[PDB]
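Shown next as structure tokens: one chain only, the form deposited in one PDB entry.
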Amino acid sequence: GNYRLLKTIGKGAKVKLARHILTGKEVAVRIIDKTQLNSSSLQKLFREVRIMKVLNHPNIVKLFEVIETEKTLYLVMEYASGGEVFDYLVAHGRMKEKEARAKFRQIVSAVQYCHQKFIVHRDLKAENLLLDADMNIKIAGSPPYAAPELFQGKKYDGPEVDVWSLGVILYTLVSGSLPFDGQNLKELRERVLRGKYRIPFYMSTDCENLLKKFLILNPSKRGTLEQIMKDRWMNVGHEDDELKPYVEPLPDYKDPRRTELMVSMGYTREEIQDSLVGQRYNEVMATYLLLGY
């Protein structure tokens, strides 16, 4: 629709770099063929959509428009033009702790924001953490991140799962490698269940102390992130601004500047209003959003 599709940036669903016509703005459009999706995967797709709609945090990709046809679902979102953090590491060794922290602060914020809404990512990879033009985290190979309880036939519901995973993340962020590894599953399981991981000589005690806060075998012995947020390593170099849960900014559905512009385009205030209050994510809403730059 409304969007001039530029190149492809992910295949086989496809993902297309596009420019929103009326605003000139760049968006990634995810194009999904529902007809190919088996029963179970469709539920997951729908669940995923419901979640995007509601997430609004600077470090989680923003959803801009959903366009639905019988065969195809299109998702228009924020383009992360910085690649994956995965790459960045393989590119540029380990991160120095100053930089790991910078990134890791945003990650922890994002996930904790999710948590505020009783949403569990349930599957943090680093195939999952993107970066934008300015090296900011944007959130959108899975085994090493699995929590113990997985391998134990334990329930796998909580936020505590995410916390564990973040532990893993931190470690690879600062070590350039996974804490728990193996040439296979049995081994990775024996290694994860033991919980012991190699401390690199260059690690700060502060860092190791924070690692301990995440990677705790017993699930319901794990900090909330809101606690973790108070951790000392997290807040080095922020002596005056400590990490706190992110607070959503208040809805602004009435910006006269854009409403103006949109009337110019032929939208009625009426609908602009309806679409936002509605959180419909129709073209009216996309347009309002994209004029938000």
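A residue's number is simply how far along the shown sequence it sits, counting from 1. Only the largest set of C-alpha atoms that superpose within 1.5 Å between the two forms is called the rigid core.
What comes next is about the form deposited in another entry, which does not appear here.
Colleague: Considering only 228, 262, 243, 29, which residue exhibits a C-alpha shift of no less than 2 Å between this form and the one not shown, with the rigid core used for superposition?
Modeller: So the only displaced C-alpha belongs to 262.
Colleague: Is residue 204 one of the residues whose Cα moves 2 Å or more between this form and the one not shown, with the core superposed?
Modeller: Moves: no, less than 2 Å.
Colleague: With both forms fit on the core, has residue 61 moved 2 Å or more by CA between this form and the one not shown?
Modeller: Residue 61: C-alpha displaced by less than 2 Å between this form and the one not shown.
Colleague: Can a Cα shift of no less than 2 Å be assigned to residue 72 between this form and the one not shown, given superposition on the rigid core?
Modeller: Comparing the forms between this form and the one not shown, which are aligned on their rigid core, residue 72 does shift its C-alpha by 2 Å or more.
Colleague: Specify closer or farther for residue 134 and residue 252: how their Cα atoms are spaced in the other form versus the shown form, given a shift of 3 angstroms or more.
Modeller: Nearer in the other form, by 3 Å or more.
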